[PDB]
file protein_33.pdb (PDB, C-alpha atoms and all ligand atoms)
ATOM      1  CA  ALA A   9      -4.560  30.395  -2.087
ATOM      2  CA  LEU A  10      -6.943  29.969  -5.086
ATOM      3  CA  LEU A  11     -10.116  27.832  -4.957
ATOM      4  CA  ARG A  12     -11.507  26.642  -8.298
ATOM      5  CA  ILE A  13     -15.331  26.439  -8.430
ATOM      6  CA  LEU A  14     -16.153  23.375 -10.505
ATOM      7  CA  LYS A  15     -19.718  23.570 -11.899
ATOM      8  CA  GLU A  16     -22.328  21.092 -10.636
ATOM      9  CA  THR A  17     -23.381  20.233 -14.244
ATOM     10  CA  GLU A  18     -19.755  19.113 -14.974
ATOM     11  CA  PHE A  19     -19.875  15.997 -12.664
ATOM     12  CA  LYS A  20     -21.395  12.580 -13.658
ATOM     13  CA  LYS A  21     -21.763   9.004 -12.219
ATOM     14  CA  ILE A  22     -21.654  10.304  -8.592
ATOM     15  CA  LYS A  23     -21.959   7.242  -6.292
ATOM     16  CA  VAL A  24     -21.341   6.851  -2.494
ATOM     17  CA  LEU A  25     -17.943   5.388  -1.394
ATOM     18  CA  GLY A  26     -18.259   5.573   2.415
ATOM     19  CA  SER A  27     -19.224   7.537   5.546
ATOM     20  CA  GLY A  28     -17.857   8.202   9.044
ATOM     21  CA  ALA A  29     -16.349  10.960  11.219
ATOM     22  CA  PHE A  30     -14.973  12.577   7.992
ATOM     23  CA  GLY A  31     -18.570  12.988   6.674
ATOM     24  CA  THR A  32     -19.562  11.467   3.304
ATOM     25  CA  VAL A  33     -17.178  10.702   0.386
ATOM     26  CA  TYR A  34     -18.463   9.884  -3.155
ATOM     27  CA  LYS A  35     -16.735   8.967  -6.473
ATOM     28  CA  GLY A  36     -17.564  10.529  -9.824
ATOM     29  CA  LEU A  37     -16.244  11.813 -13.128
ATOM     30  CA  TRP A  38     -15.477  15.497 -13.580
ATOM     31  CA  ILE A  39     -15.876  16.549 -17.246
ATOM     32  CA  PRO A  40     -14.266  20.068 -17.337
ATOM     33  CA  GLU A  41     -16.079  22.664 -19.537
ATOM     34  CA  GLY A  42     -14.815  23.168 -23.127
ATOM     35  CA  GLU A  43     -12.708  19.962 -23.175
ATOM     36  CA  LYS A  44     -13.251  16.159 -23.312
ATOM     37  CA  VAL A  45     -11.329  14.540 -20.409
ATOM     38  CA  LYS A  46     -13.427  12.379 -18.018
ATOM     39  CA  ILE A  47     -11.442  12.667 -14.724
ATOM     40  CA  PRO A  48     -12.093  10.156 -11.831
ATOM     41  CA  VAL A  49     -12.742  12.366  -8.730
ATOM     42  CA  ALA A  50     -13.634  11.969  -5.032
ATOM     43  CA  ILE A  51     -16.251  14.354  -3.523
ATOM     44  CA  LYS A  52     -16.486  15.058   0.257
ATOM     45  CA  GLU A  53     -19.180  16.819   2.368
ATOM     46  CA  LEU A  54     -20.432  16.969   6.018
ATOM     47  CA  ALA A  62     -20.750  23.104   9.620
ATOM     48  CA  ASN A  63     -20.146  24.417   6.024
ATOM     49  CA  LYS A  64     -17.505  26.747   7.598
ATOM     50  CA  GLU A  65     -15.493  23.691   8.853
ATOM     51  CA  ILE A  66     -15.304  22.199   5.284
ATOM     52  CA  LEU A  67     -14.295  25.661   3.859
ATOM     53  CA  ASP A  68     -11.430  25.940   6.414
ATOM     54  CA  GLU A  69     -10.253  22.491   5.144
ATOM     55  CA  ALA A  70     -10.300  23.839   1.555
ATOM     56  CA  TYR A  71      -8.274  26.954   2.573
ATOM     57  CA  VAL A  72      -5.521  24.847   4.239
ATOM     58  CA  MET A  73      -5.344  22.517   1.201
ATOM     59  CA  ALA A  74      -5.190  25.435  -1.278
ATOM     60  CA  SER A  75      -2.555  27.283   0.836
ATOM     61  CA  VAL A  76      -0.196  24.258   0.515
ATOM     62  CA  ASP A  77      -0.981  23.434  -3.228
ATOM     63  CA  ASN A  78       2.125  25.166  -4.786
ATOM     64  CA  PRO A  79       4.650  23.358  -5.052
ATOM     65  CA  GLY A  80       2.754  20.420  -3.488
ATOM     66  CA  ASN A  81       3.993  16.889  -2.877
ATOM     67  CA  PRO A  82       3.225  13.514  -4.605
ATOM     68  CA  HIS A  83       2.241  12.141  -1.127
ATOM     69  CA  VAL A  84      -0.190  14.955  -0.090
ATOM     70  CA  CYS A  85      -3.777  15.039  -1.464
ATOM     71  CA  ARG A  86      -4.363  18.031  -3.784
ATOM     72  CA  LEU A  87      -7.613  19.967  -3.810
ATOM     73  CA  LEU A  88      -8.838  20.252  -7.431
ATOM     74  CA  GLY A  89     -11.637  22.637  -6.398
ATOM     75  CA  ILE A  90     -14.974  23.052  -4.597
ATOM     76  CA  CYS A  91     -18.606  22.663  -5.728
ATOM     77  CA  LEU A  92     -21.685  24.536  -4.403
ATOM     78  CA  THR A  93     -24.678  22.106  -4.591
ATOM     79  CA  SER A  94     -27.082  22.040  -1.496
ATOM     80  CA  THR A  95     -23.868  21.898   0.721
ATOM     81  CA  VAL A  96     -20.189  22.943   0.053
ATOM     82  CA  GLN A  97     -18.266  19.952  -1.421
ATOM     83  CA  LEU A  98     -14.499  19.278  -1.786
ATOM     84  CA  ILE A  99     -13.154  17.727  -5.004
ATOM     85  CA  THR A 100      -9.851  15.790  -5.390
ATOM     86  CA  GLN A 101      -8.336  13.183  -7.765
ATOM     87  CA  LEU A 102      -9.913   9.803  -6.892
ATOM     88  CA  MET A 103      -7.511   7.383  -5.167
ATOM     89  CA  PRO A 104      -8.911   4.119  -6.682
ATOM     90  CA  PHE A 105      -7.573   1.701  -4.044
ATOM     91  CA  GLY A 106      -9.345   3.683  -1.250
ATOM     92  CA  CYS A 107      -8.163   4.194   2.316
ATOM     93  CA  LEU A 108      -4.842   2.673   3.427
ATOM     94  CA  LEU A 109      -6.377   1.470   6.744
ATOM     95  CA  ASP A 110      -8.957  -0.657   4.838
ATOM     96  CA  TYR A 111      -6.278  -1.600   2.243
ATOM     97  CA  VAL A 112      -3.883  -3.041   4.888
ATOM     98  CA  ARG A 113      -6.804  -5.012   6.457
ATOM     99  CA  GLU A 114      -8.088  -6.472   3.147
ATOM    100  CA  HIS A 115      -4.735  -7.176   1.401
ATOM    101  CA  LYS A 116      -2.773  -8.388   4.515
ATOM    102  CA  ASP A 117      -1.848 -11.800   2.944
ATOM    103  CA  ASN A 118      -0.121 -10.020  -0.028
ATOM    104  CA  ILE A 119       1.548  -6.893   1.562
ATOM    105  CA  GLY A 120       5.323  -7.344   1.747
ATOM    106  CA  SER A 121       8.032  -5.568   3.756
ATOM    107  CA  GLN A 122       9.017  -3.373   0.774
ATOM    108  CA  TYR A 123       5.471  -1.902   0.635
ATOM    109  CA  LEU A 124       5.199  -1.244   4.407
ATOM    110  CA  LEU A 125       8.589   0.502   4.597
ATOM    111  CA  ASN A 126       7.940   2.501   1.373
ATOM    112  CA  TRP A 127       4.538   3.679   2.741
ATOM    113  CA  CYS A 128       6.334   4.860   5.924
ATOM    114  CA  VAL A 129       8.866   6.769   3.661
ATOM    115  CA  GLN A 130       6.021   8.327   1.600
ATOM    116  CA  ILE A 131       3.987   9.432   4.646
ATOM    117  CA  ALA A 132       7.187  10.905   6.216
ATOM    118  CA  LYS A 133       7.842  12.746   2.853
ATOM    119  CA  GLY A 134       4.379  14.287   2.754
ATOM    120  CA  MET A 135       4.627  15.228   6.458
ATOM    121  CA  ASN A 136       8.061  16.807   5.912
ATOM    122  CA  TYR A 137       6.495  18.900   3.088
ATOM    123  CA  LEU A 138       3.636  19.954   5.439
ATOM    124  CA  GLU A 139       6.176  20.855   8.168
ATOM    125  CA  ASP A 140       8.070  23.087   5.640
ATOM    126  CA  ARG A 141       4.755  24.930   4.918
ATOM    127  CA  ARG A 142       4.300  25.482   8.752
ATOM    128  CA  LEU A 143       1.252  23.169   8.700
ATOM    129  CA  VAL A 144       0.336  20.973  11.712
ATOM    130  CA  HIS A 145      -1.932  18.191  10.364
ATOM    131  CA  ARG A 146      -3.329  17.187  13.869
ATOM    132  CA  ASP A 147      -5.167  14.128  12.377
ATOM    133  CA  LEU A 148      -2.465  11.810  10.964
ATOM    134  CA  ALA A 149      -3.736   8.165  11.088
ATOM    135  CA  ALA A 150      -4.070   5.179   8.673
ATOM    136  CA  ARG A 151      -7.746   6.250   8.094
ATOM    137  CA  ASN A 152      -6.385   9.582   6.607
ATOM    138  CA  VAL A 153      -3.774   8.023   4.236
ATOM    139  CA  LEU A 154      -5.066   7.007   0.757
ATOM    140  CA  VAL A 155      -3.831   4.516  -1.859
ATOM    141  CA  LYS A 156      -3.432   5.961  -5.419
ATOM    142  CA  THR A 157      -1.647   2.735  -6.505
ATOM    143  CA  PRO A 158      -0.424  -0.072  -4.082
ATOM    144  CA  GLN A 159       3.086   1.558  -4.354
ATOM    145  CA  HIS A 160       1.936   5.247  -3.903
ATOM    146  CA  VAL A 161       0.150   6.703  -0.810
ATOM    147  CA  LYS A 162      -1.108  10.261  -0.012
ATOM    148  CA  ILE A 163      -1.974  12.057   3.265
ATOM    149  CA  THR A 164      -5.565  13.397   3.268
ATOM    150  CA  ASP A 165      -8.142  15.186   5.575
ATOM    151  CA  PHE A 166      -7.206  18.715   6.602
ATOM    152  CA  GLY A 167     -10.288  19.215   8.847
ATOM    153  CA  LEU A 168      -8.206  19.646  12.026
ATOM    154  CA  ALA A 169      -5.059  20.977  10.240
ATOM    155  CA  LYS A 170      -3.808  24.482  11.197
ATOM    156  CA  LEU A 171      -1.290  26.842   9.589
ATOM    157  CA  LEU A 172       1.074  28.272  12.227
ATOM    158  CA  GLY A 173       1.799  31.998  12.236
ATOM    159  CA  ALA A 174       5.260  33.321  11.277
ATOM    160  CA  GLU A 175       6.254  33.839  14.970
ATOM    161  CA  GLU A 176       4.154  30.947  16.438
ATOM    162  CA  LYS A 177       5.762  27.518  17.184
ATOM    163  CA  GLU A 178       2.532  25.802  18.462
ATOM    164  CA  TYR A 179      -1.285  25.715  18.130
ATOM    165  CA  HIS A 180      -3.527  25.913  21.246
ATOM    166  CA  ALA A 181      -6.819  24.136  20.427
ATOM    167  CA  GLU A 182     -10.427  24.733  21.693
ATOM    168  CA  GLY A 183     -12.600  22.010  23.370
ATOM    169  CA  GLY A 184     -13.549  20.431  20.017
ATOM    170  CA  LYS A 185     -13.398  16.640  19.452
ATOM    171  CA  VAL A 186      -9.888  15.216  18.728
ATOM    172  CA  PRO A 187      -8.368  11.648  18.264
ATOM    173  CA  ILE A 188      -6.862  10.819  21.730
ATOM    174  CA  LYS A 189      -5.365   7.376  20.804
ATOM    175  CA  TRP A 190      -3.316   9.019  17.955
ATOM    176  CA  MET A 191      -2.416  12.247  19.896
ATOM    177  CA  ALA A 192       0.769  13.139  21.771
ATOM    178  CA  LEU A 193       0.598  13.382  25.587
ATOM    179  CA  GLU A 194       0.998  17.240  25.616
ATOM    180  CA  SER A 195      -1.978  17.500  23.196
ATOM    181  CA  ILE A 196      -4.122  15.379  25.603
ATOM    182  CA  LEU A 197      -3.163  17.272  28.809
ATOM    183  CA  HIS A 198      -2.468  20.850  27.572
ATOM    184  CA  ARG A 199      -4.155  20.823  24.062
ATOM    185  CA  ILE A 200      -0.798  21.871  22.468
ATOM    186  CA  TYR A 201      -0.207  20.795  18.825
ATOM    187  CA  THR A 202       3.177  21.081  17.066
ATOM    188  CA  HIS A 203       4.994  19.275  14.183
ATOM    189  CA  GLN A 204       6.499  17.024  16.925
ATOM    190  CA  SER A 205       2.982  16.082  18.162
ATOM    191  CA  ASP A 206       2.375  15.004  14.476
ATOM    192  CA  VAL A 207       5.519  12.807  14.794
ATOM    193  CA  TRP A 208       3.705  10.971  17.667
ATOM    194  CA  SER A 209       0.654  10.439  15.394
ATOM    195  CA  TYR A 210       2.991   9.324  12.571
ATOM    196  CA  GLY A 211       4.331   6.595  14.902
ATOM    197  CA  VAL A 212       0.762   5.421  15.707
ATOM    198  CA  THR A 213       0.006   5.366  11.915
ATOM    199  CA  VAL A 214       3.164   3.227  11.391
ATOM    200  CA  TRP A 215       2.030   0.891  14.224
ATOM    201  CA  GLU A 216      -1.361   0.510  12.442
ATOM    202  CA  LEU A 217       0.401  -0.404   9.162
ATOM    203  CA  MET A 218       2.818  -2.863  10.838
ATOM    204  CA  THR A 219      -0.075  -4.648  12.645
ATOM    205  CA  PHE A 220      -2.105  -4.756   9.345
ATOM    206  CA  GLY A 221      -4.804  -2.392  10.641
ATOM    207  CA  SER A 222      -5.139  -3.236  14.363
ATOM    208  CA  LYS A 223      -6.987  -0.723  16.566
ATOM    209  CA  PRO A 224      -4.544   1.141  18.914
ATOM    210  CA  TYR A 225      -5.229   0.533  22.669
ATOM    211  CA  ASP A 226      -8.097  -1.823  21.732
ATOM    212  CA  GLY A 227     -10.786  -2.090  24.436
ATOM    213  CA  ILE A 228      -9.039   0.607  26.549
ATOM    214  CA  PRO A 229     -11.168   3.800  27.114
ATOM    215  CA  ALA A 230      -9.690   7.081  25.780
ATOM    216  CA  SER A 231      -9.955   8.712  29.236
ATOM    217  CA  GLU A 232      -7.192   6.288  30.480
ATOM    218  CA  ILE A 233      -4.600   7.050  27.730
ATOM    219  CA  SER A 234      -2.903  10.029  29.509
ATOM    220  CA  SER A 235      -2.404   7.785  32.610
ATOM    221  CA  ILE A 236      -1.125   4.814  30.490
ATOM    222  CA  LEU A 237       1.366   7.114  28.718
ATOM    223  CA  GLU A 238       2.542   8.791  31.976
ATOM    224  CA  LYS A 239       3.249   5.279  33.431
ATOM    225  CA  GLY A 240       5.771   4.752  30.545
ATOM    226  CA  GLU A 241       3.484   2.228  28.763
ATOM    227  CA  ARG A 242       3.176   2.179  24.938
ATOM    228  CA  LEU A 243       1.669   0.288  21.928
ATOM    229  CA  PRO A 244       3.132  -3.261  21.709
ATOM    230  CA  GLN A 245       5.834  -4.553  19.346
ATOM    231  CA  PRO A 246       4.015  -5.771  16.159
ATOM    232  CA  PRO A 247       5.111  -9.436  15.454
ATOM    233  CA  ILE A 248       6.634  -8.523  12.024
ATOM    234  CA  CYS A 249       8.762  -5.625  13.414
ATOM    235  CA  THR A 250      12.439  -6.176  14.145
ATOM    236  CA  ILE A 251      13.774  -4.100  17.099
ATOM    237  CA  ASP A 252      15.015  -1.225  14.824
ATOM    238  CA  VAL A 253      11.514  -0.589  13.379
ATOM    239  CA  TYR A 254       9.879  -0.641  16.841
ATOM    240  CA  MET A 255      12.518   1.705  18.314
ATOM    241  CA  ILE A 256      11.486   4.272  15.635
ATOM    242  CA  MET A 257       7.834   4.078  16.817
ATOM    243  CA  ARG A 258       9.001   4.314  20.473
ATOM    244  CA  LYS A 259      11.211   7.374  19.732
ATOM    245  CA  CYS A 260       8.062   9.009  18.126
ATOM    246  CA  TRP A 261       6.203   8.501  21.458
ATOM    247  CA  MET A 262       8.803  10.119  23.781
ATOM    248  CA  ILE A 263       7.528  12.495  26.510
ATOM    249  CA  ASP A 264       9.919  15.278  25.381
ATOM    250  CA  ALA A 265       8.494  16.499  22.036
ATOM    251  CA  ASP A 266      11.919  17.770  20.809
ATOM    252  CA  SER A 267      13.554  14.344  21.468
ATOM    253  CA  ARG A 268      11.138  12.656  18.958
ATOM    254  CA  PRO A 269      12.525  12.010  15.420
ATOM    255  CA  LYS A 270      12.001  14.742  12.821
ATOM    256  CA  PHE A 271      10.124  13.939   9.554
ATOM    257  CA  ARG A 272      13.416  14.569   7.682
ATOM    258  CA  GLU A 273      15.142  11.860   9.842
ATOM    259  CA  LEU A 274      12.179   9.410   9.408
ATOM    260  CA  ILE A 275      12.429   9.733   5.581
ATOM    261  CA  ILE A 276      16.160   8.723   5.888
ATOM    262  CA  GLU A 277      15.778   5.919   8.463
ATOM    263  CA  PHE A 278      12.812   4.247   6.673
ATOM    264  CA  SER A 279      14.503   4.714   3.261
ATOM    265  CA  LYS A 280      17.612   2.938   4.674
ATOM    266  CA  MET A 281      15.243   0.134   5.813
ATOM    267  CA  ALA A 282      13.500  -0.061   2.396
ATOM    268  CA  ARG A 283      16.913  -0.794   0.713
ATOM    269  CA  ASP A 284      17.120  -4.152   2.640
ATOM    270  CA  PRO A 285      13.426  -4.641   3.637
ATOM    271  CA  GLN A 286      13.670  -8.308   4.730
ATOM    272  CA  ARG A 287      16.358  -7.420   7.325
ATOM    273  CA  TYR A 288      13.958  -4.967   9.072
ATOM    274  CA  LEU A 289      10.560  -6.794   8.774
ATOM    275  CA  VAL A 290      10.090 -10.577   9.151
ATOM    276  CA  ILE A 291       7.012 -11.521   7.030
ATOM    277  CA  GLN A 292       6.121 -15.176   6.192
ATOM    278  CA  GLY A 293       6.180 -15.752   2.422
ATOM    279  CA  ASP A 294       7.532 -12.241   1.717
ATOM    280  CA  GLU A 295       9.490 -13.190  -1.473
ATOM    281  CA  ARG A 296       6.222 -14.580  -3.025
ATOM    282  CA  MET A 297       3.828 -11.606  -2.452
ATOM    283  CA  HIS A 298       2.584  -9.317  -5.251
ATOM    284  CA  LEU A 299       0.300  -6.248  -5.607
ATOM    285  CA  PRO A 300      -0.723  -4.548  -8.962
ATOM    286  CA  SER A 301       1.653  -1.819 -10.291
ATOM    287  CA  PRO A 302       1.216   0.784 -13.142
ATOM    288  CA  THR A 303       4.354  -0.865 -14.688
ATOM    289  CA  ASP A 304       2.441  -4.214 -15.074
ATOM    290  CA  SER A 305       0.421  -4.710 -18.280
ATOM    291  CA  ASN A 306      -2.668  -5.799 -16.202
ATOM    292  CA  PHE A 307      -2.852  -2.597 -14.035
ATOM    293  CA  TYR A 308      -5.990  -1.368 -15.893
ATOM    294  CA  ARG A 309      -7.768  -4.533 -14.546
ATOM    295  CA  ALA A 310      -7.136  -3.428 -10.925
ATOM    296  CA  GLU A 325     -11.968   7.644  17.629
ATOM    297  CA  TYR A 326     -12.546  11.413  18.192
ATOM    298  CA  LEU A 327     -13.519  12.584  21.707
ATOM    299  CA  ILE A 328     -14.235  15.796  23.636
ATOM    300  CA  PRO A 329     -10.999  16.594  25.630
TER     301      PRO A 329
HETATM  302  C1  LIG B   1      -9.534  16.016   1.855
HETATM  303  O1  LIG B   1      -9.357  15.358   0.613
HETATM  304  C2  LIG B   1     -10.531  14.992   0.001
HETATM  305  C3  LIG B   1     -11.189  15.874  -0.832
HETATM  306 CL1  LIG B   1     -10.547  17.462  -1.118
HETATM  307  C4  LIG B   1     -12.336  15.515  -1.505
HETATM  308  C5  LIG B   1     -12.838  14.230  -1.332
HETATM  309  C6  LIG B   1     -12.221  13.321  -0.492
HETATM  310  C7  LIG B   1     -11.044  13.677   0.184
HETATM  311  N1  LIG B   1     -10.315  12.754   0.964
HETATM  312  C8  LIG B   1     -10.782  11.536   1.488
HETATM  313  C9  LIG B   1     -11.070  10.307   0.795
HETATM  314  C10 LIG B   1     -10.905   9.916  -0.601
HETATM  315  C11 LIG B   1     -10.107  10.699  -1.452
HETATM  316  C12 LIG B   1      -9.787  10.256  -2.737
HETATM  317  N2  LIG B   1     -10.250   9.101  -3.256
HETATM  318  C13 LIG B   1     -11.052   8.347  -2.473
HETATM  319  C14 LIG B   1     -11.396   8.699  -1.143
HETATM  320  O2  LIG B   1     -12.170   7.817  -0.399
HETATM  321  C15 LIG B   1     -11.562   6.535  -0.246
HETATM  322  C16 LIG B   1     -12.294   5.804   0.891
HETATM  323  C17 LIG B   1     -13.814   5.781   0.698
HETATM  324  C18 LIG B   1     -14.359   5.852   2.131
HETATM  325  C19 LIG B   1     -13.127   6.208   2.976
HETATM  326  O3  LIG B   1     -12.064   6.497   2.083
HETATM  327  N3  LIG B   1     -11.429   9.364   1.774
HETATM  328  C20 LIG B   1     -11.357   9.938   3.003
HETATM  329  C21 LIG B   1     -10.945  11.262   2.867
HETATM  330  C22 LIG B   1     -10.828  12.118   4.030
HETATM  331  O4  LIG B   1     -10.610  13.326   3.998
HETATM  332  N4  LIG B   1     -10.937  11.483   5.269
HETATM  333  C23 LIG B   1     -11.018  10.033   5.447
HETATM  334  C24 LIG B   1     -11.744   9.326   4.292
END
call {"tool": "encode", "arguments": {"input": "protein_33.pdb", "output": "structure tokens", "more": "lines below"}}
Ligand SMILES: COc1c(Cl)cccc1Nc1c(-c2ccncc2OC[C@@H]2CCCO2)[nH]c2c1C(=O)NCC2
result
Amino acid sequence: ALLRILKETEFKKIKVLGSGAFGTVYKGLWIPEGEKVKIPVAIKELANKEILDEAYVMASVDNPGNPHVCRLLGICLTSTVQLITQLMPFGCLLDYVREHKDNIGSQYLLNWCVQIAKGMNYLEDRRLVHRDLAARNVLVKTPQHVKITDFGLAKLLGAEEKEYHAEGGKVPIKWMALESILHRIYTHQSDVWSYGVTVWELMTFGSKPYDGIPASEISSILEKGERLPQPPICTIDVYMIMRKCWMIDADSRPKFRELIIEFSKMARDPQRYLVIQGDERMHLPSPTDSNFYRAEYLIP
């Protein structure tokens, strides 16, 4: 694990992008020393130990890396410790699905599911439990390419360890598996539960899970056998994937390797698996196009 220290004087045009539970994220241009290459970058800050643990996890999983997992370029030491990554120009996938709903087709939704399952399979191979998978922590590099971000709650499992036992710190109940809510146990299979909630958010075009329901009632709702509803665009095969992700027995949930396969099978005939009105006449910018340059957490 190697952390690059990118000089403060090397960054220009730093401007705010947004704020929330993740802290503050800005956009800027990193001009590396001794070379002329103005790189669009995203800068995050918030507790300076919590942001350094995020950097360690990200650097530990950098080699070989994955196209669908955010890569840490380096860190910067200004008044606070800042994280630096390649800027994802289209922003957060949760805001992207809400803004571009009337132009997102079935091919895009099923490919995003494939790409998130690919990045999660890579993280599982590196013994990394993300613990915060949600549409808010999936970014859009191009409309056709998404990346998993935010390793604030992510934990590397020890060689012998199969699970992480968390402290009383704030965690996202409505995205968490039932064993994480009751016993604070986090595994790659608990991430499969959160992956299913992320898919439900994409399929509903950014709806809030368990909207209006308090988080203190979720364990009870889940123990009664109740789950997030069938999104209107989902055929039964897509919804059964989400429902297999939210099974009580963690081992019975699909594996990220199986989700890559099942959603890739769906992406080969996307209009069979998702019924979207006006799907054949929907378009989003692509780097292939000549005009591409124009374009929650609670105390347990
Ligand atoms: C953890 O990876 C990062 C690093 Cl190392 C540095 C800067 C940002 C991020 N990621 C994030 C971006 C981000 C990364 C790349 N390009 C643009 C970005 O912001 C897009 C919009 C702006 C406001 C919310 O997201 N946006 C978010 C994270 C995050 O960790 N949590 C949720 C919000």
call {"tool": "axis_aligned_box", "arguments": {"input": "protein_33.pdb", "around": "ligand LIG 1 (chain B)", "padding_each_side": "8 Å", "output": "JSON"}}
result
{"center_x": -11.9, "center_y": 11.6, "center_z": 1.1, "size_x": 21.0, "size_y": 27.7, "size_z": 24.7}
call {"tool": "closest_residue", "arguments": {"input": "protein_33.pdb", "among": "A:97, A:157, A:81, A:75", "to": "residue 136 in chain A", "atoms": "all atoms listed in the file"}}
result
A:81
call {"tool": "atom_distance", "arguments": {"input": "protein_33.pdb", "atom1": "CA of residue 310 in chain A", "atom2": "CA of residue 104 in chain A"}}
result
8.8 Å
call {"tool": "resolve_selection", "arguments": {"input": "protein_33.pdb", "expression": "the PyMOL selection byres (((chain A and resi 143) around 9) and not hetatm)", "output": "PyMOL selection string"}}
result
chain A and resi 72+76+135+137-142+144-145+169-172+202-203
call {"tool": "atom_distance", "arguments": {"input": "protein_33.pdb", "atom1": "CA of residue 256 in chain A", "atom2": "CA of residue 207 in chain A"}}
result
10.4 Å
call {"tool": "residues_near_ligand", "arguments": {"input": "protein_33.pdb", "ligand": "ligand LIG 1 (chain B)", "cutoff": "7 Å", "atoms": "only C-alpha atoms and all ligand atoms", "output": "PyMOL selection string"}}
result
chain A and resi 25-27+30+33+35+49-52+70+85-87+98-104+106-107+151-152+154+164-166
call {"tool": "write_last_selection", "arguments": {"input": "protein_33.pdb", "atoms": "C-alpha atoms", "output": "PDB file, in the frame of the given file"}}
result
ATOM      1  CA  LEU A  25     -17.943   5.388  -1.394  1.00  0.00           C
ATOM      2  CA  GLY A  26     -18.259   5.573   2.415  1.00  0.00           C
ATOM      3  CA  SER A  27     -19.224   7.537   5.546  1.00  0.00           C
ATOM      4  CA  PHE A  30     -14.973  12.577   7.992  1.00  0.00           C
ATOM      5  CA  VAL A  33     -17.178  10.702   0.386  1.00  0.00           C
ATOM      6  CA  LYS A  35     -16.735   8.967  -6.473  1.00  0.00           C
ATOM      7  CA  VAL A  49     -12.742  12.366  -8.730  1.00  0.00           C
ATOM      8  CA  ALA A  50     -13.634  11.969  -5.032  1.00  0.00           C
ATOM      9  CA  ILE A  51     -16.251  14.354  -3.523  1.00  0.00           C
ATOM     10  CA  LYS A  52     -16.486  15.058   0.257  1.00  0.00           C
ATOM     11  CA  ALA A  70     -10.300  23.839   1.555  1.00  0.00           C
ATOM     12  CA  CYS A  85      -3.777  15.039  -1.464  1.00  0.00           C
ATOM     13  CA  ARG A  86      -4.363  18.031  -3.784  1.00  0.00           C
ATOM     14  CA  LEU A  87      -7.613  19.967  -3.810  1.00  0.00           C
ATOM     15  CA  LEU A  98     -14.499  19.278  -1.786  1.00  0.00           C
ATOM     16  CA  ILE A  99     -13.154  17.727  -5.004  1.00  0.00           C
ATOM     17  CA  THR A 100      -9.851  15.790  -5.390  1.00  0.00           C
ATOM     18  CA  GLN A 101      -8.336  13.183  -7.765  1.00  0.00           C
ATOM     19  CA  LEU A 102      -9.913   9.803  -6.892  1.00  0.00           C
ATOM     20  CA  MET A 103      -7.511   7.383  -5.167  1.00  0.00           C
ATOM     21  CA  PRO A 104      -8.911   4.119  -6.682  1.00  0.00           C
ATOM     22  CA  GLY A 106      -9.345   3.683  -1.250  1.00  0.00           C
ATOM     23  CA  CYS A 107      -8.163   4.194   2.316  1.00  0.00           C
ATOM     24  CA  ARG A 151      -7.746   6.250   8.094  1.00  0.00           C
ATOM     25  CA  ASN A 152      -6.385   9.582   6.607  1.00  0.00           C
ATOM     26  CA  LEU A 154      -5.066   7.007   0.757  1.00  0.00           C
ATOM     27  CA  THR A 164      -5.565  13.397   3.268  1.00  0.00           C
ATOM     28  CA  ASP A 165      -8.142  15.186   5.575  1.00  0.00           C
ATOM     29  CA  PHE A 166      -7.206  18.715   6.602  1.00  0.00           C
TER      30      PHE A 166
END
call {"tool": "atom_distance", "arguments": {"input": "protein_33.pdb", "atom1": "CA of residue 285 in chain A", "atom2": "CA of residue 261 in chain A"}}
result
23.3 Å
call {"tool": "build_atoms", "arguments": {"input": "protein_33.pdb", "residues": "range 210-219 of chain A", "atoms": "N, CA and C atoms", "output": "PDB file, in the frame of the given file"}}
result
ATOM      1  N   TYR A 210       2.341  10.049  13.656  1.00  0.00           N
ATOM      2  CA  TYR A 210       2.991   9.324  12.571  1.00  0.00           C
ATOM      3  C   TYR A 210       3.394   7.940  13.072  1.00  0.00           C
ATOM      4  N   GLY A 211       3.965   7.865  14.278  1.00  0.00           N
ATOM      5  CA  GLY A 211       4.331   6.595  14.902  1.00  0.00           C
ATOM      6  C   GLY A 211       3.151   5.665  15.133  1.00  0.00           C
ATOM      7  N   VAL A 212       1.972   6.229  15.507  1.00  0.00           N
ATOM      8  CA  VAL A 212       0.762   5.421  15.707  1.00  0.00           C
ATOM      9  C   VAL A 212       0.296   4.907  14.324  1.00  0.00           C
ATOM     10  N   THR A 213       0.332   5.758  13.298  1.00  0.00           N
ATOM     11  CA  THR A 213       0.006   5.366  11.915  1.00  0.00           C
ATOM     12  C   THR A 213       0.913   4.215  11.443  1.00  0.00           C
ATOM     13  N   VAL A 214       2.219   4.281  11.761  1.00  0.00           N
ATOM     14  CA  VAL A 214       3.164   3.227  11.391  1.00  0.00           C
ATOM     15  C   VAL A 214       2.778   1.941  12.126  1.00  0.00           C
ATOM     16  N   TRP A 215       2.461   2.040  13.431  1.00  0.00           N
ATOM     17  CA  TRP A 215       2.030   0.891  14.224  1.00  0.00           C
ATOM     18  C   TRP A 215       0.777   0.234  13.602  1.00  0.00           C
ATOM     19  N   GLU A 216      -0.172   1.037  13.114  1.00  0.00           N
ATOM     20  CA  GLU A 216      -1.361   0.510  12.442  1.00  0.00           C
ATOM     21  C   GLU A 216      -0.965  -0.250  11.179  1.00  0.00           C
ATOM     22  N   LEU A 217      -0.027   0.281  10.385  1.00  0.00           N
ATOM     23  CA  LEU A 217       0.401  -0.404   9.162  1.00  0.00           C
ATOM     24  C   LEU A 217       1.102  -1.718   9.501  1.00  0.00           C
ATOM     25  N   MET A 218       2.033  -1.686  10.461  1.00  0.00           N
ATOM     26  CA  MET A 218       2.818  -2.863  10.838  1.00  0.00           C
ATOM     27  C   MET A 218       1.972  -3.987  11.446  1.00  0.00           C
ATOM     28  N   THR A 219       0.858  -3.650  12.102  1.00  0.00           N
ATOM     29  CA  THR A 219      -0.075  -4.648  12.645  1.00  0.00           C
ATOM     30  C   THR A 219      -1.171  -5.037  11.619  1.00  0.00           C
TER      31      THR A 219
END
